[PDB]
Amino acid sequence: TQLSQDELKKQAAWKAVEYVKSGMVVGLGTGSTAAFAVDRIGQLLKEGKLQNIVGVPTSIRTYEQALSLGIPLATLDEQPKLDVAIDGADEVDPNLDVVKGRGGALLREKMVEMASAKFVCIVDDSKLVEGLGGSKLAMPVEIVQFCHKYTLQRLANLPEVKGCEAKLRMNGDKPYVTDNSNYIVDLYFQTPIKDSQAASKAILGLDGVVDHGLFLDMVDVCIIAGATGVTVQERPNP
């Protein structure tokens, strides 16, 4: 009630930075919640409370932010194994399966976080969903440019996502393009995806798809900030 969404995001972020220890290679997430964690890491480095940190950014925005804070930076090519990654999420379900990449940086986030021994996800409690898709907001699929209308229709008609709407993401007059020159088809649900693993496999199995925003069996710890306080949720059913 008194705590704004931004204040909750920052509370979750600071709790997550407690998983960062001196000497670690850290995956630096993207978006407004992650930006609070990047700033906290930068602050702690400046204060000498952390030392010998290398960050791997997941977006141009994060690269620029971390560079401005003086955080040493590397790429996955240079540091292919990360100790901890901290990132936000667009949706979090009761399994700690998440939708990510809605705002961009989908594949980079996925590749960095798959390379991380511990993935700490930070959210305010508005990101909790009954099931993936349940926010009714975009669930992104990265696709090749060739025959993108065909692929969009193919996606919308996959049994595993039956009932969704699908829209090619536009950047004004031109289709939006990812870091890898691919297009995005956003899927929109009115009820959650029933079997997220089956949906992930079916979408990846579609020739023409590069990747998608279902980040399954990846998050190890979710930090959830809400009006009542901050909850640290280890992944259920280990």
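Start at 1 and count along the sequence shown; that's the residue number.
Trainee: Highest mean C-alpha temperature factor of the two stretches 110-118 and 163-171, which is it?
Mentor: Looking at the recorded C-alpha B-factors, 163-171 comes out higher on average.
Trainee: Between 30-38 and 45-53, name whichever shows the higher mean Cα B factor according to the PDB entry.
Mentor: The entry gives the higher C-alpha B-factor average to 45-53.
Trainee: Lowest, middle or highest third: where is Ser181 by C-alpha B factor in its chain?
Mentor: Its C-alpha B-factor, which the entry lists for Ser181, ranks in the middle third among residues of this chain.
Trainee: Where does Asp211 sit by CA temperature factor within its chain: lowest, middle or highest third?
Mentor: Bottom third by C-alpha B-factor.
Trainee: Within this chain's modelled residues, let me know which third the CA B factor of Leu152 belongs to: lowest, middle or highest.
Mentor: It belongs to the middle third of the chain when residues are ordered by C-alpha B-factor.
Trainee: Place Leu82 in the lowest, middle or highest third of its chain's C-alpha B-factors, as listed in the PDB entry.
Mentor: As the PDB entry reports it, the C-alpha B-factor of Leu82 lands in the lowest third of its chain.
Trainee: Looking at the temperature factor on the CA atom of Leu158, which third of the chain's modelled residues does it land in?
Mentor: For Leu158, whose C-alpha B-factor we compare with every modelled residue in the chain, the answer is the highest third.
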